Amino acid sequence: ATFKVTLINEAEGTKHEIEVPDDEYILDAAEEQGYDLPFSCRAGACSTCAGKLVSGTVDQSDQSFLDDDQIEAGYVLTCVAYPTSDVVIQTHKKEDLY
C-alpha cells in the first residue's frame, strides 16, 4: 500500500503532502519528493529528525532514542519511521524533547 503523509511545519505555516510506500521510511520519501527535512544520525539514535503525530500511525520499531512516555506523547523519529496508515505529522519538533 501507499499512504498519504502530510507534513506540517508550524513555525513556517507550511503544509506539504507526500505519498509514502508502506516499506519506506518517511524521511526518505520526503527527500525524494523534494522536501528536505532535518536529520543527523539517520539511525534512530538522536532527536534531530523528531516529528509529532497529529493523526495516524507509524511503525518506528527501529528507533532507540525516545522513551516510552515520549512515544506516548506522539513523538516520532522520521528517519526510521514507516507509515502504517495515512498520517499527519508536525516536523521540526527537536526542541520539544528533553
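The first residue of the sequence shown is number 1, and the count goes up from there.
Remark: stretch with higher mean C-alpha B factor among 23 to 31 and 61 to 69 is 61 to 69.
Remark: residue 86 belongs to the lowest third of its chain, ranked by C-alpha B-factor as recorded. Ranked by Cα temperature factor within the chain, residue 55 sits in the highest third according to the deposited record.
In the deposited entry, the Cα temperature factor of residue 94 places it in the highest third of its chain's modelled residues.
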